[PDB]
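*Asks:* For reference, the structure I am asking about is given below.
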Amino acid sequence: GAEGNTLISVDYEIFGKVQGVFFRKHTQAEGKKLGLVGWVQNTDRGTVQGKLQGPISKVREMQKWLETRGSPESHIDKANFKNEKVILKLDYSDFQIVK
């Protein structure tokens with residue numbers, strides 16, 4: 001088999017018209033495909049503070065799923081990251097949406 005168990009945690013605030021729509025429902029779904037955790041929630045500025053907790057092996061792909069991809073409703077004109085964090089264990093066990 002192959003080795004590469006690097007668990008990290010990076011949070012960012014995606015831009016674009018991702019506020020006032022129904023994308024979170026799918027944002028948590030896609031996270032199950034790979035097996036990542038975290039949380040999703042909009043702000044009162046015009047962005048969405050989303051975090052990608054899990055193995056880099058998957059995060060490397062999830063970073064594009066939210067940066068380039070997203071949903072048919074909302075839109076993403078631009079996006080960026082803040083600063084990842086190398087951890088030994090994920091604070092969360094499963095992906096969930098914030099009310």
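All residue names refer to the structure tokens as shown: chains lettered A, B, ... in order, residues numbered from 1 in each chain, ligands numbered from 1 in order.
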Can you tell me, as a ChimeraX atom specification, which residues in chain A count as alpha helix (DSSP H) by DSSP?
*Replies:* /A:24-34,56-67
*Asks:* Pull the closest atom pair for each residue of segment 62-98 of chain A that gets at most 12 Å from segment 46-51 of chain A, along with the distance in Å to one decimal, counting only C-alpha atoms, ordering rows by chain and then ascending residue number, as CSV.
*Replies:*
```
residue,atom,partner,partner_atom,distance
A:62,CA,A:51,CA,10.3
A:63,CA,A:51,CA,9.7
A:65,CA,A:50,CA,11.9
A:66,CA,A:50,CA,8.9
A:67,CA,A:50,CA,10.8
A:70,CA,A:48,CA,11.8
A:74,CA,A:47,CA,10.9
A:75,CA,A:47,CA,10.8
A:76,CA,A:47,CA,9.9
A:77,CA,A:47,CA,11.3
A:78,CA,A:47,CA,10.7
A:79,CA,A:47,CA,9.8
A:80,CA,A:50,CA,11.1
A:81,CA,A:51,CA,9.6
A:82,CA,A:51,CA,10.2
A:83,CA,A:51,CA,10.8
A:84,CA,A:51,CA,9.7
A:85,CA,A:51,CA,11.2
A:90,CA,A:51,CA,11.8
A:91,CA,A:51,CA,11.9
A:92,CA,A:51,CA,11.2
A:95,CA,A:51,CA,10.0
A:96,CA,A:51,CA,11.0
A:97,CA,A:50,CA,10.0
A:98,CA,A:50,CA,10.4
```
*Asks:* Give me, as an MDAnalysis selection string, the residues of chain A that a backbone DSSP run labels strand (DSSP E).
*Replies:* chainID A and resid 7:14 39:40 48:55 96:97
*Asks:* Considering only C-alpha atoms, return as number ranges by chain whatever protein or nucleic-acid residues lie within 10 Å of residue 34 of chain A, sequence-local ones (same chain, fewer than 6 positions apart) excluded.
*Replies:* A: 54-55, 57-59, 61-62
*Asks:* Need to verify the contact set: residue 86 of chain A, 8 Å, only C-alpha atoms, exclusion of same-chain residues closer than 5 positions in sequence. Can you return it as a ChimeraX atom specification?
*Replies:* /A:6-9
*Asks:* Would you export the selected residues with N, CA, C and O atoms as a compact mmCIF listing (two decimals), in the first residue's frame, please?
*Replies:*
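What ended up in result.txt:
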```txt
# COMPACT_ATOMS: atom_id res chain seq x y z
N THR A 6 -1.17 12.60 6.67
CA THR A 6 -0.89 13.94 7.18
C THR A 6 -2.19 14.69 7.47
O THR A 6 -2.81 15.26 6.57
N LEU A 7 -2.59 14.70 8.74
CA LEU A 7 -3.81 15.38 9.15
C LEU A 7 -3.53 16.85 9.47
O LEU A 7 -2.64 17.17 10.25
N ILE A 8 -4.30 17.74 8.85
CA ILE A 8 -4.14 19.17 9.07
C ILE A 8 -5.50 19.86 9.22
O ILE A 8 -6.54 19.21 9.17
N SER A 9 -5.47 21.17 9.41
CA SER A 9 -6.69 21.95 9.58
C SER A 9 -6.49 23.38 9.08
O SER A 9 -5.77 24.17 9.69
```
*Asks:* For each of A:36, A:4, A:27, A:87, take the minimum atom-to-atom distance to residue 69 of chain A, counting only C-alpha atoms, then give the residue where this is smallest.
*Replies:*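 Of the candidates, the smallest distance to residue 69 of chain A is held by A:27.
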